[PDB]
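Residue numbers (PDB author numbering), protein chains in the order written: chain V, 94 to 228; chain I, 25 to 150; chain J, 3 to 101; chain C, 2 to 209; chain Y, 1 to 103; chain G, 2 to 156. Backbone N, C-alpha and C fix where the C-beta goes; we use that ideal spot for every residue, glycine too.
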Amino acid sequence: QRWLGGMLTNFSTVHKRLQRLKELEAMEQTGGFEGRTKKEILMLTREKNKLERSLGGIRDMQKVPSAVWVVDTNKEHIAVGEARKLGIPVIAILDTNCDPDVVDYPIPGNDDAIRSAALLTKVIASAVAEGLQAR
Amino acid sequence: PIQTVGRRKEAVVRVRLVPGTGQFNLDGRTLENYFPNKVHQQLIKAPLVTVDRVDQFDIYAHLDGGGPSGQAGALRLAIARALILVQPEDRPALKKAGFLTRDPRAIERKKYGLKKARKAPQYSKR
Amino acid sequence: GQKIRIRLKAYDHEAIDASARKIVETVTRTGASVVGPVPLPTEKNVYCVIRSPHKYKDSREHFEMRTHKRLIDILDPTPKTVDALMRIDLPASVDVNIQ
Amino acid sequence: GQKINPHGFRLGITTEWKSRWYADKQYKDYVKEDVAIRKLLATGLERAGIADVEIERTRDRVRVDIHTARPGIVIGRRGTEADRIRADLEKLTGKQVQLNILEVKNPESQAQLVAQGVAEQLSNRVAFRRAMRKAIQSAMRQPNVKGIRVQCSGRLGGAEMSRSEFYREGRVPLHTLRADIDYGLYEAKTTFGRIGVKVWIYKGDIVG
Amino acid sequence: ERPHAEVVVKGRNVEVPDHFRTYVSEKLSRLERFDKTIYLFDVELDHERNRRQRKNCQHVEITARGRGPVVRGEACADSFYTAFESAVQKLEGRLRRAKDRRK
Amino acid sequence: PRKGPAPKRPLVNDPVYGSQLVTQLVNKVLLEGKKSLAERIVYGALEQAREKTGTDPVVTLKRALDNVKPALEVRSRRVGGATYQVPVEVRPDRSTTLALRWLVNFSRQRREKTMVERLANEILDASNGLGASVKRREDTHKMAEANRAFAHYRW
RNA sequence: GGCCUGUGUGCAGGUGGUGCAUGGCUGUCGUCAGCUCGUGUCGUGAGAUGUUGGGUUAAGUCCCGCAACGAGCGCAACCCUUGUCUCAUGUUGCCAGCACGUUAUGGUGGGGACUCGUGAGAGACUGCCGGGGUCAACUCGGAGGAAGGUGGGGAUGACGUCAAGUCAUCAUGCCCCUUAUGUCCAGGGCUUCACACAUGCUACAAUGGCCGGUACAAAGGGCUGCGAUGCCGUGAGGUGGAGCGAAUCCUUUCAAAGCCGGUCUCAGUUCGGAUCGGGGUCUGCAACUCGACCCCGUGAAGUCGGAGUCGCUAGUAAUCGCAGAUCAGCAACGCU
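Put into structure tokens, the structure is as follows:
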């Protein structure tokens, strides 16, 4: 769903968000729900839906993330300054009405088309797959 | 036997609802020597009006606590409850009338900073 | 029969309850007749004050030093059972009226 | 006057008394006796910190327990101090003195003792940040210390204005009744005038 | 209503020469001049008598009744004259404003 | 009620007559909790009217109410340097209520030596079209006529 | 050695001042919903964002969004009380079914039956039916239920201001006194009064005043204290002490407004009670200054009140009475 303001910069606080995700999942697994109010358990369900739609990547990151890849450039320019601040090589298929020459490794393409975007997501998926396979 | 209760602001009365006449006993006297007030009589009789059972069920009860109005309200409550115990089917036309709710309008604690519960002193701005 | 009447006083219901149970256990030992903890009402002593000095009488504070109470009518006074009951030591929030 | 004693607010519910008995007619007497007791305690020992003073009465005997983390400084190794106090107890009419001294486990988790240590540090010569902050850390490092607050008042370093600023970390839910709390107070010597201290410690919650 | 201005002269603990009374009654007549709605004028003349004071020796509280809205003027100075005049000018602001908003 | 109103109280029916305006009447003439005194006064007065007219007093009562009950009244407003009175229509609830208030408060200042008599004669007078209640109601209509000009406000 | 006789000595004491030197303690805006931090970015910097926008809320309560992610004191809830109900329950209290006294009467044996008292505990949660709603919050109608939608009332006072108040509750930093601002005493005053202000009570009458007869409440207090039985005194009260450390006894088997009956007939009165002259009672060593009560006589001003103004939304307001404490005895109409 959503981009958080300040993942890559303030990584150690979203780390605590993962820790609370773990705590809440532990509560769910152990099964203590009527130990506290039904309304509060329903609000925990709200918390969990929100936290899961807004966070999946840290659940396996843990590990000083590299500023490699880009999601929806023009509308989340806020995701790039979080990256280039630290300066690591950035890549996205160009959102094609933008400042092209910020990014170390630009790649033209489209901004909207479902088909071209799924294609090139499969391309970079393939790149990662070959890198891991011949590791 | 039949034995049930009603309560309205410190007005407790126990009731024995006999199947007899409409003869009422209130600690050795009747509904006109005790309660010489036709409004209280109406409140007390209205369940009999409701089920159309005036002069079908005698009563023996004890006055205890409260004043006349609280006593009357607790009485008709207890009588309604006895009628539910005699037969439930009159119930859905009673809560319809609210001859069953134990009137939760009790006295308020007299608070401080005042003359009584809510009447403050005359607030001058002097 | 012969009767003995013990009227207990205290401030904490937890203590009056615990002591009543222990005492009735000791009564139960020698087969002496028990009536049990018949609840009397509570006292409510109240002493209103003012919070602050020199003025501000509109501000107040209430307090209430209750005193829970219990009667435990004991019958069949076997004097051996009396010798048993007289000499139990209990929590100090309780005082007793053996009569 | 904003905030009442948490002890006095939760007294019959969560926390508990500190002088337990029952009495119908000896009541004034027990009260004047007990104030004289606590006064003579403070006057008989001050180098150490009395956390609490608590125990009870019966038909005849008059027992006490008492808390302090340093009883070694207090009691007669051979019996000096305890004997002086049993004599003080004879003088003010105890006559059966079961002075049964005790000590705490975590002096840092004790409100009164932390405040007394802080005020000691202040009356020595010392400034405010390291004393305050180091007491805070000393408490917070311990397991049950789930929250804390400090509210000092007095004329720190920073001439005449009665300034007061607080420090805290954790949780301090003082309108919440299932909470356990510990209050801590002090009012004694200092050059310019008095220094006052208040302390709050939070120690889990209670369900029962 | 002309002597109906209920003069209330007073001082908790001050050496109050009785010509200060002349001053006060005259300075209050001065606003009788342009407000014909007046019932009560409770007035004080207070003194904090602290050592090494904070520049503000004497103090004054003034309050006045009008038809409904009451007026309030507080002041502070070293002595009687600045106190009188300053509270007077504050009342003048109040009353100019009140008779501007009255209509 | 910046958030909204609340319900009205459920008037009882009369034990004797079969009309809740009578319990409304005793509760409007009441003074210092003496509800039974109000009751006995009213019942005595209505039976006085019964012996005065040979019929039920309730019909002449409601006829008096038809005489003295307006459906139009005043509601002021401060506007532009001169406060303006305005006609406003009156729902029947407050119409009956204010009519009864008129009735009592202009009954009290009569000279029948006794409230029961003052009240009974006032009711008869209003059924006939003479009471000061009727007079004040006519004054109200007079005012509404004098100030029809301000109806376009519609307020 | 206890003790004091004194000698002085350290001194001891101050209600002497500064609450603007201070601690504590409290009132307040306000029980109004806000107040802030970490890390984060923006900005030269003060600082900002978060806490802004849309809906909803008792409400920074919650949801849909975004350079913010979160978090703490808060609001809410866990506390008591009241509100319904189940289990246990039996005296000092209920006492039906029973029996026995029968004028004073639950009075006594007898039954835990209804109450009941005290303890534990389910029960209300938009929990459920339906209609609206980003289908989200949330709200509109329904069922049951005793209560229905923060059931009601309390308690609980965020950071902080107001140099608010309190050096006289207390404690305290400074300066002053010490043969006296200290200290022990008898008398007097803090109750003065040509006036102004503020809070209240009873009145200005027939929904009333007077006389007589009859009924139902909860609540607390009581030992060198509470106090009736019988009688005398007009009645205040008077010897007397049963009986009670107390659901027992005093607290009438706990009242008054009220119900019924008779008179008064709109008035400066059978209103109203002040003020004053008498004669007495009680507590206290002591009632002039300066006490309360009673009886007698006295019988005033006052005929619903100006401008403007205070309070109150439910057992609330308005009214009648009672009780408690501080108390030797009383200004208590006050306070709770």
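Counting along the chain, the unbroken beta strand (DSSP E) around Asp-206 of chain C starts and ends at 196 to 206.
Following the DSSP letters along the chain, one finds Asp-97 of chain J inside the beta strand (DSSP E) bounded by residues 96 to 100. Among the CB atoms of chain I, one or more fall inside 8 Å of the CB of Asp-60 of chain J. Residues of the stretch 123 to 140 of chain I with a Cβ closer than 8 Å to any Cβ of chain J, in chain order: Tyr-136 and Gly-137.
Here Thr-98 of chain G carries a helix assignment [DSSP, helix/strand/coil]. For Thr-63 of chain Y, the enclosing beta strand (DSSP E) has its first and last residue at 58 to 65. The Cβ-Cβ distance between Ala-85 of chain I and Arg-150 of chain I does not fall below 8 Å. When secondary structure is reduced to three states using DSSP, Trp-18 of chain C falls in the coil class, being assigned neither helix nor strand. Straight-line spacing of the CA atoms in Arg-126 of chain C and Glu-48 of chain Y works out to 35 Å. Under a criterion of Cβ atoms nearer than 9 Å, the residues of chain I adjacent to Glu-40 of chain G are, in order, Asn-61, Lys-62 and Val-63. Secondary structure at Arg-208 of chain V: helix, using DSSP grouped into helix, strand and coil.
Of the residues I:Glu-34, I:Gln-80, I:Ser-93 and I:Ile-68, the one whose Cα lies closest to the Cα of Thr-45 of chain I is I:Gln-80. DSSP places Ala-172 of chain V within a helical segment (H, G or I) once states are collapsed to three.
Residues of the stretch 69 to 100 of chain J with a C-beta atom less than 7 Å from some C-beta of chain C are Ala-94, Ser-95, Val-96 and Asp-97, listed in chain order.
By the neighbour-count criterion, in which a residue is buried when 16 or more other Cβ atoms sit within 10 angstroms of its Cβ, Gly-95 of chain C is buried. Interface flag for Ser-37 of chain G against chain I is set, since a Cβ pair is found closer than 8 Å. The stretch 53 to 69 of chain C and the stretch 91 to 106 of chain C touch, with three or more beta-carbon pairs separated by less than 8 Å. Assignment of beta strand (DSSP E) within the stretch 93 to 146 of chain C, counting only whole runs of 3 or more residues, yields 98 to 103 in chain order. Between the stretch 76 to 85 of chain Y and the stretch 52 to 62 of chain Y, the count of Cβ pairs shorter than 8 Å is three or higher; the stretches touch. A straight-line Cα-Cα distance of about 10 Å links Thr-32 of chain J and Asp-78 of chain J. At least one CB of chain J lies nearer than 8 Å to the CB of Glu-57 of chain C. The beta carbon of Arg-21 of chain C sits closer than 8 Å to some beta carbon of chain J. The three-state reading of DSSP puts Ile-86 of chain C in helix, counting H, G and I together. Going by beta carbons, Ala-96 of chain I and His-64 of chain I fall inside the 8 Å limit.
Exclusion of the five residues before and after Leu-26 of chain G leaves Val-43 and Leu-101 as the residues of its chain whose Cβ lies within less than 8 Å of its Cβ. Shown here, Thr-28 of chain I sits in a strand according to DSSP, grouped into three states. By the C-beta criterion, the stretch 130 to 144 of chain I is judged not to be in contact with the stretch 61 to 78 of chain I, since fewer than 3 inter-stretch pairs fall below 8 Å. For the stretch 73 to 119 of chain I, the continuous alpha helix (DSSP H) assignments of 4+ residues that do not extend past its boundaries occur at 92 to 110, in sequence order. For a Cβ distance threshold of 9 Å, nothing in chain J lies close to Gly-95 of chain C: the least Cβ distance comes to about 15 Å.
For the pair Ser-110 of chain C and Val-146 of chain C, the CB atoms are nearer than the 8 Å cut-off.
Nearest in C-alpha terms to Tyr-49 of chain J, of all of J:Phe-65, J:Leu-92 and J:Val-29, is J:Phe-65. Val-78 of chain I and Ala-46 of chain G have their C-alpha atoms some 31 Å from each other. Three or more beta-carbon pairs drawn from the stretch 7 to 14 of chain J and the stretch 82 to 101 of chain J are found closer than 8 Å, and the two stretches are therefore classed as touching.
In its chain, beyond the 5 residues on either side, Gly-158 have a beta carbon closer than 7 Å to the beta carbon of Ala-128 of chain C. For a Cβ distance threshold of 7 Å, residue set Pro-16 of chain G lies close to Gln-66 of chain I, ordered along the chain.
Under a 10 Å Cβ-count criterion, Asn-122 of chain G is classified as buried, with 16 or more other Cβ atoms of the shown protein chains found around its own Cβ.
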